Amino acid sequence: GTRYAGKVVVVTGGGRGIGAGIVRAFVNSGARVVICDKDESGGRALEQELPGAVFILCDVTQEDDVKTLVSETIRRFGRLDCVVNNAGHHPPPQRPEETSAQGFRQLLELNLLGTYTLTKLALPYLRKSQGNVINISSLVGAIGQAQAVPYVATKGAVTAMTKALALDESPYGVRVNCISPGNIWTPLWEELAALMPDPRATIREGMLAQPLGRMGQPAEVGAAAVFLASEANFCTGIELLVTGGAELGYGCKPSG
């Protein structure tokens, strides 16, 4: 591909799931890609699989990991054009009274501050390249979700932060956007479903929450990321919904 040829992209949590889909999309568009992940298994295999992708072990909650990720990217490829902040986690369903402040802090540390820290360290290089930032948020930041107060809160923060940063970085020509996926079939979706009393029913329900009648694919999020990086040159501070229409209309959720 040539849509993003000559560009260098860092994808956090790129070892599996949505992140791996985004990695593949950017490789297919001609970019060189750095796969950041805290686990080795998926990302190492992906590096072997994909010419133009390399793997760097990095836990985005560890500031020295992230500093090394940025400096290794520059040392090896000489520029940085796009950072995709995809690393994140959805805890199992938890009733509000079953949550804790400390668990909330830990989830904020990954879903929000990990995105903040890489963005901050990358911005000097993105400014030189007139590059861009893509944050992977969630539809449920906008519309809410049951049994997920901490998670919903972290994604509300990511989406809002995206707009703040877009404002700050617009004078430098650096665009900052986010993608808000809905149900995307990933290993995390599979893991969460396996915890439920009836996994198969949870998966059917998840497929049917969308007017389109299926969950989304990592490749579909990847395509949206490539669009934001390579062609959305008048888009900054937007929230691109990749949800199959889940937010549309009424569903199951006289006046007394």
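Residue numbers here begin at 1 and follow the sequence given.
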| property | result |
| --- | --- |
| Deposited residues omitted from coordinates between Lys253 and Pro254, as a class | 10 or more |
| Which of 202-210 and 36-44 has higher mean CA B factor, as the PDB entry lists it | 202-210 |
| 22-30 set against 188-196, stretch whose average Cα temperature factor tops the other in the entry | 188-196 |
| Residue selected from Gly173, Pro150, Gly182, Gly144 by maximal Cα B factor | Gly173 |
| Residue selected from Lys120, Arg79, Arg105, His90 by maximal Cα B factor | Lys120 |
| Cα B factor band for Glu49 (lowest, middle or highest third within the chain) | middle |
| Chain-wide C-alpha B factor ranking for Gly131, given as lowest, middle or highest third | middle |
| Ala101 by Cα B-factor - lowest, middle or highest third of the modelled chain | highest |
| For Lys163, the third of its chain into which the C-alpha B factor falls | lowest |
| For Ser230, the third of its chain into which the C-alpha B factor falls | lowest |
